[PDB]
$ cat structure17.txt   # compact mmCIF, C-alpha atoms
# COMPACT_ATOMS: atom_id res chain seq x y z
CA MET C 6 0.00 0.00 0.00
CA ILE C 7 1.70 3.13 1.32
CA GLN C 8 4.21 3.69 4.13
CA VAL C 9 4.32 7.13 5.77
CA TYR C 10 7.06 8.50 8.01
CA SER C 11 8.66 11.74 9.13
CA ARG C 12 12.09 13.29 8.63
CA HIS C 13 12.37 13.97 12.36
CA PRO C 14 10.73 12.85 15.68
CA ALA C 15 7.12 13.90 16.46
CA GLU C 16 7.38 17.00 18.67
CA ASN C 17 3.89 18.32 19.62
CA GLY C 18 4.10 21.99 18.53
CA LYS C 19 6.80 21.90 15.84
CA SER C 20 6.44 22.39 12.12
CA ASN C 21 8.19 19.78 10.03
CA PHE C 22 7.65 17.67 6.91
CA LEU C 23 5.24 14.75 6.41
CA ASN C 24 6.85 12.05 4.26
CA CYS C 25 4.61 9.77 2.21
CA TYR C 26 6.39 7.13 0.08
CA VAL C 27 4.58 5.76 -2.95
CA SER C 28 6.64 3.09 -4.72
CA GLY C 29 5.88 0.88 -7.78
CA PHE C 30 3.55 3.39 -9.36
CA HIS C 31 4.94 5.20 -12.42
CA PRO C 32 4.47 8.89 -11.42
CA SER C 33 2.71 9.73 -14.69
CA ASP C 34 -0.77 8.24 -14.06
CA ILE C 35 -1.16 8.29 -10.26
CA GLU C 36 -2.63 10.69 -7.71
CA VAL C 37 -1.31 11.22 -4.18
CA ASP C 38 -2.25 13.84 -1.56
CA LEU C 39 -1.43 14.52 2.10
CA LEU C 40 -4.44 14.45 4.45
CA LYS C 41 -5.70 14.97 7.98
CA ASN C 42 -8.21 12.25 8.94
CA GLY C 43 -9.46 12.36 5.36
CA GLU C 44 -9.09 16.15 4.97
CA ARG C 45 -6.83 17.63 2.27
CA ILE C 46 -3.99 19.59 3.90
CA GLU C 47 -3.09 21.55 0.73
CA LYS C 48 0.38 22.98 1.39
CA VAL C 49 1.91 20.09 -0.49
CA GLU C 50 4.14 20.37 -3.53
CA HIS C 51 5.65 17.80 -5.80
CA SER C 52 5.36 18.19 -9.53
CA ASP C 53 5.13 15.09 -11.69
CA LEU C 54 8.00 14.29 -14.00
CA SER C 55 6.18 11.93 -16.32
CA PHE C 56 7.40 13.10 -19.75
CA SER C 57 5.97 9.94 -21.34
CA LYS C 58 5.57 6.69 -19.39
CA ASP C 59 7.71 7.73 -16.40
CA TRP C 60 9.65 5.57 -13.94
CA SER C 61 8.81 5.05 -10.27
CA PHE C 62 12.12 4.87 -8.34
CA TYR C 63 11.14 7.13 -5.41
CA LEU C 64 7.90 9.14 -5.13
CA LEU C 65 7.66 11.61 -2.28
CA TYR C 66 5.61 14.74 -1.58
CA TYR C 67 6.09 17.32 1.22
CA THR C 68 3.79 19.45 3.41
CA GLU C 69 4.22 21.60 6.56
CA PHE C 70 2.91 19.79 9.67
CA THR C 71 2.40 20.52 13.35
CA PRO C 72 1.43 17.49 15.53
CA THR C 73 -1.29 18.04 18.06
CA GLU C 74 -3.20 15.82 20.49
CA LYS C 75 -6.13 16.16 18.04
CA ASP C 76 -4.92 15.87 14.41
CA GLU C 77 -4.11 12.65 12.51
CA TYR C 78 -1.93 12.74 9.36
CA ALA C 79 -2.63 10.45 6.41
CA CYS C 80 -1.38 10.05 2.84
CA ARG C 81 -3.83 9.09 0.04
CA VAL C 82 -2.93 7.43 -3.27
CA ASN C 83 -4.98 6.39 -6.29
CA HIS C 84 -4.19 4.58 -9.52
CA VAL C 85 -6.38 3.65 -12.52
CA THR C 86 -6.51 0.07 -11.19
CA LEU C 87 -8.04 1.11 -7.86
CA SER C 88 -11.59 2.44 -7.87
CA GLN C 89 -10.92 4.05 -4.51
CA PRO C 90 -7.70 5.70 -3.17
CA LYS C 91 -6.28 4.36 0.06
CA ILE C 92 -5.32 6.17 3.24
CA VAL C 93 -2.19 5.51 5.23
CA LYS C 94 -2.08 7.20 8.59
CA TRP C 95 1.08 7.90 10.55
CA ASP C 96 1.46 5.98 13.84
CA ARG C 97 1.13 8.59 16.60
CA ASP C 98 -2.56 9.45 16.73
CA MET C 99 -4.29 6.84 14.51
$ encode --input "structure17.txt" --output "structure tokens"
Amino acid sequence: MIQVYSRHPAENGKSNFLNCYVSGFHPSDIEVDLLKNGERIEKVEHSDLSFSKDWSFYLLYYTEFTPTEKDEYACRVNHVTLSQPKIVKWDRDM
């Protein structure tokens, strides 16, 4: 599926980057977003590099986060094969 992590330890009150790996899916025809309990964060930027058929060797996107006792962070991915994108939530509040 998807395996999310962070670049640094979860410190309640810091801003830092949410890391969502998506591997095996040629970047050209997939969709991935960074969420909060199924809510689009939005401050996320990675531009696809498809060109033609593309080559998945490392897909990652990045968004500003601040962990709180209330908010859960998830990363959603969809491909033509799936009829529904999947959510992977980061172990700290799930």
$ residues_around --input "structure17.txt" --residues "residue 47 (chain C)" --least-positions-apart "6" --cutoff "10 Å" --atoms "all atoms listed in the file" --output "PyMOL selection string"
chain C and resi 38-40+68-69
$ residues_around --input "structure17.txt" --residues "region 92-95 of chain C" --least-positions-apart "3" --cutoff "9 Å" --atoms "only C-alpha atoms" --output "PyMOL selection string"
chain C and resi 6-11+25+40-43+77-82+98-99
$ closest_residue --input "structure17.txt" --among "C:86, C:33, C:14, C:19" --to "residue 73 (chain C)" --atoms "all atoms listed in the file"
C:19
$ residues_around --input "structure17.txt" --residues "residue 29 (chain C)" --least-positions-apart "4" --cutoff "10 Å" --atoms "all atoms listed in the file" --output "VMD selection string"
chain C and resid 6 60 to 64
$ atom_distance --input "structure17.txt" --atom1 "CA of residue 35 (chain C)" --atom2 "CA of residue 13 (chain C)"
27.0 Å
$ closest_residue --input "structure17.txt" --among "C:12, C:34, C:76, C:83" --to "residue 59 (chain C)" --atoms "all atoms listed in the file"
C:34
$ atom_distance --input "structure17.txt" --atom1 "CA of residue 72 (chain C)" --atom2 "CA of residue 23 (chain C)"
10.3 Å
$ residues_around --input "structure17.txt" --residues "residue 84 (chain C)" --least-positions-apart "3" --cutoff "10 Å" --atoms "all atoms listed in the file" --output "list in words"
residues 30, 31, 32, 34, 35, 36, 37, 87, 88, 89, 90 and 91 of chain C
$ atom_distance --input "structure17.txt" --atom1 "CA of residue 24 (chain C)" --atom2 "CA of residue 74 (chain C)"
19.5 Å
$ closest_residue --input "structure17.txt" --among "C:70, C:65, C:20, C:27" --to "residue 50 (chain C)" --atoms "only C-alpha atoms"
C:65
$ closest_residue --input "structure17.txt" --among "C:22, C:17, C:97, C:71" --to "residue 49 (chain C)" --atoms "all atoms listed in the file"
C:22
$ axis_aligned_box --input "structure17.txt" --around "region 54-69 of chain C" --padding-each-side "4 Å" --output "lines of an AutoDock Vina configuration file"
center_x = 8.0
center_y = 13.2
center_z = -7.4
size_x = 16.3
size_y = 24.7
size_z = 35.9
$ decode --input "structure17.txt" --residues "region 34-72 of chain C" --atoms "C-alpha atoms" --output "PDB file, in the first residue's frame"
ATOM      1  CA  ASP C  34      -0.768   8.242 -14.060  1.00  0.00           C
ATOM      2  CA  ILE C  35      -1.157   8.290 -10.256  1.00  0.00           C
ATOM      3  CA  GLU C  36      -2.632  10.694  -7.711  1.00  0.00           C
ATOM      4  CA  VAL C  37      -1.310  11.222  -4.182  1.00  0.00           C
ATOM      5  CA  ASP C  38      -2.253  13.843  -1.556  1.00  0.00           C
ATOM      6  CA  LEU C  39      -1.433  14.523   2.103  1.00  0.00           C
ATOM      7  CA  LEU C  40      -4.435  14.449   4.448  1.00  0.00           C
ATOM      8  CA  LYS C  41      -5.699  14.969   7.982  1.00  0.00           C
ATOM      9  CA  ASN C  42      -8.205  12.248   8.942  1.00  0.00           C
ATOM     10  CA  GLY C  43      -9.463  12.358   5.362  1.00  0.00           C
ATOM     11  CA  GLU C  44      -9.087  16.146   4.965  1.00  0.00           C
ATOM     12  CA  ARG C  45      -6.829  17.633   2.267  1.00  0.00           C
ATOM     13  CA  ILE C  46      -3.988  19.590   3.898  1.00  0.00           C
ATOM     14  CA  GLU C  47      -3.086  21.549   0.726  1.00  0.00           C
ATOM     15  CA  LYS C  48       0.384  22.976   1.395  1.00  0.00           C
ATOM     16  CA  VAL C  49       1.912  20.092  -0.490  1.00  0.00           C
ATOM     17  CA  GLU C  50       4.136  20.368  -3.530  1.00  0.00           C
ATOM     18  CA  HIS C  51       5.653  17.797  -5.796  1.00  0.00           C
ATOM     19  CA  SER C  52       5.365  18.193  -9.529  1.00  0.00           C
ATOM     20  CA  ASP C  53       5.128  15.094 -11.690  1.00  0.00           C
ATOM     21  CA  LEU C  54       8.002  14.291 -14.003  1.00  0.00           C
ATOM     22  CA  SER C  55       6.181  11.935 -16.323  1.00  0.00           C
ATOM     23  CA  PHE C  56       7.401  13.101 -19.751  1.00  0.00           C
ATOM     24  CA  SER C  57       5.970   9.935 -21.342  1.00  0.00           C
ATOM     25  CA  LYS C  58       5.566   6.685 -19.391  1.00  0.00           C
ATOM     26  CA  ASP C  59       7.708   7.733 -16.402  1.00  0.00           C
ATOM     27  CA  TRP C  60       9.645   5.570 -13.944  1.00  0.00           C
ATOM     28  CA  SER C  61       8.808   5.050 -10.272  1.00  0.00           C
ATOM     29  CA  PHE C  62      12.117   4.870  -8.337  1.00  0.00           C
ATOM     30  CA  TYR C  63      11.142   7.132  -5.408  1.00  0.00           C
ATOM     31  CA  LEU C  64       7.902   9.142  -5.134  1.00  0.00           C
ATOM     32  CA  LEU C  65       7.663  11.606  -2.280  1.00  0.00           C
ATOM     33  CA  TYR C  66       5.612  14.742  -1.584  1.00  0.00           C
ATOM     34  CA  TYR C  67       6.088  17.316   1.217  1.00  0.00           C
ATOM     35  CA  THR C  68       3.792  19.448   3.413  1.00  0.00           C
ATOM     36  CA  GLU C  69       4.222  21.598   6.562  1.00  0.00           C
ATOM     37  CA  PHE C  70       2.908  19.790   9.672  1.00  0.00           C
ATOM     38  CA  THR C  71       2.404  20.519  13.348  1.00  0.00           C
ATOM     39  CA  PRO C  72       1.427  17.493  15.532  1.00  0.00           C
TER      40      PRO C  72
END
